[PDB]
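Here you'll find one protein chain in two forms, each presented separately as structure tokens under the names structure 1 and structure 2.
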Structure 1
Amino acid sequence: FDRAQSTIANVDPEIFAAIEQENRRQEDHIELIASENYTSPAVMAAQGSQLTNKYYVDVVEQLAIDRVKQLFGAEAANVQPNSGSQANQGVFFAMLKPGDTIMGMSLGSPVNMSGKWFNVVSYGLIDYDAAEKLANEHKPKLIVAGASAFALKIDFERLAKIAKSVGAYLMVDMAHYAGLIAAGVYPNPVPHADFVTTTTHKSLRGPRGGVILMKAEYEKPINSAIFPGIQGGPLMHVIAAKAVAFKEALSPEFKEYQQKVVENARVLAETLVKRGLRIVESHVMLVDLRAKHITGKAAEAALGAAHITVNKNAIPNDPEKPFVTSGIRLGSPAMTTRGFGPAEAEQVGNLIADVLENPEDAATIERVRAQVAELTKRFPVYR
């Protein structure tokens, strides 16, 4: 908060100004990028604590491990990774040898994989027969699925059977869905997978970081490779922040929040459809913009000028170049965190359509900016 940040103001005016600019950006924009969120003051205070000075499991780390195990029903957990990528790579580093074969189920999908360090084979997404055939041909040591497995409603039990039949581990990256899974909205892969990775930010609404969940059989292999003797001191301040976020996620309020996220996304989608858009039980949607004769890139820019943040995104059979696109992808987690409910979701849908219908018209952009300002003033992120 104000007093704490004031400690930066006179020692480093440039960094103070950058922080203040970002605070303003977060307050003044309606953030609809589906991976984005606003973590709590408690989370931030934990990672702003004196735990940064700290270098036989620390109480803070045991709390984080115990809570994340509880949240997902996992047999074991490692909370040391500093990112989703570090979590995913950490599984490969721990469990595999150079040149081992990894089979990804993809739509960097489903995770980024190094062709220098591994033999990476991809199954394009479902056809369980074709996946099993490919697995038998390539004999992967590990099969990995990600966001697309959730979006496409993959049967994780069935996938686990396929992995086991060819002698492969099954890994699932649930980062894009972790908060919803914790709330029971989406199926939990943990009972079925050997490894489940996630970010601690995004729909889990925690600090930036990662976690590896694993069956107890793989606790030692994971922890014998992912520990301070090899990767150096973990960030115990960030681990404390993870613990705080996991306690929040265990609460009934968090379940209600995720239900509100789903409902707000439904209302937003329904409003866009009423306003003539096409939508290609979720927190995220892909909007086909072609009926409004605007590209994804132009829509992203125009919405941005109106203080509404989205990402351009290719649609299926997109007629535009991949750096142009015919779509935008947008989600409800962040607007829900700052207090928007169904009425506000519908307002946002209408503001979006207003911009798309006249994207470079100055008066339209000004009116929408003013309506956005009413919303952001009434629903501040941080008080």
Structure 2
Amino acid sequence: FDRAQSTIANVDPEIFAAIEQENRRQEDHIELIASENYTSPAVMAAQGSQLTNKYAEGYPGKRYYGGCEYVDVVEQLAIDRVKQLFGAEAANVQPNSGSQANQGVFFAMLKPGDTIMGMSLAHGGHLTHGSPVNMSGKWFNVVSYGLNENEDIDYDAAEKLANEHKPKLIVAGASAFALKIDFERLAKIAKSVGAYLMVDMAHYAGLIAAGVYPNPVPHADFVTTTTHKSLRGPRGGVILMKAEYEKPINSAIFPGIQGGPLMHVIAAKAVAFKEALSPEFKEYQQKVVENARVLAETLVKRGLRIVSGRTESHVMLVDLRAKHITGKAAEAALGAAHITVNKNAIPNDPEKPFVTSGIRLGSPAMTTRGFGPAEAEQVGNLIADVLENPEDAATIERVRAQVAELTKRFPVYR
């Protein structure tokens, strides 16, 4: 309890060693998982603070425990900054995760058995948007909408489904969709059947904050997000809501589905929001969008296909059929070449769900460590090299060596 003696290395050598290896792994691999980023030392320092010691059930100025004057300052800063970031009427920064943020809306507005609409998992929707093995799909009646022939969201079909099934709530947002979503149109659809509109902007949140992806907040009743993806913050969730839903949302998070908030993580959220308000962050996201486009363009030049035909965001779904390789095989081969991606089903995938014909790629992480258009293009070409000969030892090695050059030249943490 002098920070000198209680180090991880002294107290728990096994865990220290494992953490050290993860540090090096983060340096030594090019990360293209669209949901991952590298958060700042300041953010990490914040959730490594003594604020973990405080029980603070309730909300600023209305706590159940005494001694909360300073954690109140922290939480209110987090609330005010995130409201400022997205122009929200109200906010809740206590959700433990993106899942809990989404569960909070559901607990606030719905009863078990209610009908909801969400984007289908097969076409890029998330687990929490109605999967039958998730709470959202097991305890509720789920109707899903998907993509059209152009692999854009099929707004007409969604409208038809809404009228047919009369959902109490409509979910929009996605984990693997490259285009701009028309939140205004989904809002009209929701209003026309008297449904709530909830937008899960977890993946796009950083882009939205920087103004390079459309903002769902003026159109939706509820907007949920993670703080750790494109927002580049700590791991956790946030709910944004219209003022009229402030009381049900706050009551749903506590005492509804959570207990004591993680005040150290909320402090870390506040720091990330401060960073997101800066001109440097806007410039970062402009580069994120640029690098994603260049990556997509490069893969197309090498004969691959991009689902929806283009990206208008940080993310892309790559159709691998022209190179006669499965997503599963592609993920494995790229991983061996020190490029981290994940397999992902494409629309009308001829392969089994655990195999797939696609991979999802994203630019936030590589952009954070300093990659520009030249590097994004180089990475595109390296991926294609692997895909065209995934089991050739010499091919994997040549790429790995070039990956090593990039990662050494662009360190994550200095």
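Counting starts at 1 and follows the sequence of structure 1. Take the two forms, superpose them, and find the largest set of C-alpha atoms that agree within 1.5 Å; that set is the rigid core.
Enquirer: Using a core superposition, identify the member of 305, 250, 94, 298 whose Cα displacement between structure 1 and structure 2 reaches 2 Å or more.
Expert: C-alpha shift of at least 2 Å: 94.
Enquirer: When you overlay the rigid core, is the Cα of residue 269 off by 2 Å or more between structure 1 and structure 2?
Expert: No, the C-alpha moves less than 2 Å.
Enquirer: With both forms fitted on the core, check whether the Cα of residue 85 differs by 2 Å or more between structure 1 and structure 2.
Expert: For residue 85, whose C-alpha is compared between structure 1 and structure 2 after core superposition, the shift is less than 2 Å.
Enquirer: Quick check on residue 237: with the core superposed, does its CA move 2 angstroms or more between structure 1 and structure 2?
Expert: No, residue 237 moves less than 2 Å.
Enquirer: Rigid core superposed: how many angstrom does the CA of residue 332 shift between structure 1 and structure 2?
Expert: Its C-alpha position differs by 0.4 Å.
Enquirer: Core superposed first, then measure: what is the displacement of the CA of residue 196 between structure 1 and structure 2, in Å?
Expert: On core superposition, this C-alpha lies 1.1 Å from its counterpart.
Enquirer: Residue 6: how big is its Cα shift between structure 1 and structure 2, in Å, with the core superposed?
Expert: It moves 8.4 Å at the C-alpha.
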